[PDB]
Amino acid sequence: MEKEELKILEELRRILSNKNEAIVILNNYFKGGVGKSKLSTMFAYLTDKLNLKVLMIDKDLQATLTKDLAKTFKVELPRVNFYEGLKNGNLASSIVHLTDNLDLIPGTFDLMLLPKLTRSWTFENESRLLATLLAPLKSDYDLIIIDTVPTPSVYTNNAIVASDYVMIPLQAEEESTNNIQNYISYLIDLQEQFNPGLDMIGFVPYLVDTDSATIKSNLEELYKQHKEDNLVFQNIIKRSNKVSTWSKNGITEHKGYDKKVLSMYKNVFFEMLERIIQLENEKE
């Protein structure tokens, strides 16, 4: 499994043993179609292979992650759906078991009822709801990985307030400095009010065309912009036909290019862990 990857996992497990509860990671950005749900699926898959105990959370009406995971894993309907769990103030009956390692709180269209549920609440109580209900679950997991909508909403606010770390997938050529700074301002707003320890892991570039001069050049410029803070991931995600195959048939390892495309996701995953480890080692 490579020595360096083994060392990263040992270090993760050591940090988790010090923390004594899960680290919560959010994949988020306000553009659709940049691979947030796909990264989430591939992280679920990889963590299960690595025997990490993980809770995936699909906080999207569309339930994209849930339906995608169901291509590879047996995904049951939960006794109580995510929206009803939130309404009941307990998420315990909303968890399904994909493997002995991998759990999921599935998405449901009933999440559309959430903003009405919380309409009369204080902004604080609305925004802290997910965090409050995740708190008792964290001792049961190594990682909790949240996927949600791209539109600023009750969903995004809950996800951000519940998380320790945020991964930001984006297409460099589609974003401007202003876009990124505005998005970061949104995170800062919620961090200061409700979640001061929130950290950005970094930006995860998505490259839809490997033979595009403008795509290459915009990516170069993003790296330049973030030379000092080092926020741009060194390992990136490239569009692959293989992902389309896995989205139809389920994820496999025994076919041509399966292991090569898997290593692309693995390299992002491990870079994410490295970045988390560095931040955790710095921490209080």
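Residues carry their position along the shown sequence, with the first being 1.
Novice: Give the stretch, out of 66-74 and 217-225, with the larger mean C-alpha temperature factor in the deposited entry.
Specialist: Between 66-74 and 217-225, it is 217-225.
Novice: Mean C-alpha B-factor higher for 198-206, or for 146-154?
Specialist: Per the deposited B-factors, the answer is 198-206.
Novice: Among the choices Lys49, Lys36, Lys59, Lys31, identify the one whose CA B-factor in the record is greatest.
Specialist: Largest recorded C-alpha B-factor: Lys49.
Novice: Consider only the C-alpha atoms of the modelled residues in this chain, order them by B-factor as the entry records it, and name the third containing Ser93: lowest, middle or highest.
Specialist: As the PDB entry reports it, the C-alpha B-factor of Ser93 lands in the middle third of its chain.
Novice: Would you please rank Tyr45 by its C-alpha temperature factor against the other modelled residues of its chain and give the third it falls in: lowest, middle or highest?
Specialist: Ranked within chain, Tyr45 CA B lands in the middle tercile.
Novice: State the tercile, meaning the lowest, middle or highest third, of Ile23 with respect to the CA B-factors recorded for its chain.
Specialist: For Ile23, whose C-alpha B-factor we compare with every modelled residue in the chain, the answer is the lowest third.
Novice: Ordered by C-alpha B-factor within the chain, which third holds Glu126? Give me lowest, middle or highest, please.
Specialist: For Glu126, the deposited C-alpha B-factor lands in the lowest third.
Novice: Determine, from the deposited record, the chain-internal third of the Cα B-factor for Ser120: lowest, middle or highest.
Specialist: CA B-factor rank for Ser120: highest third.
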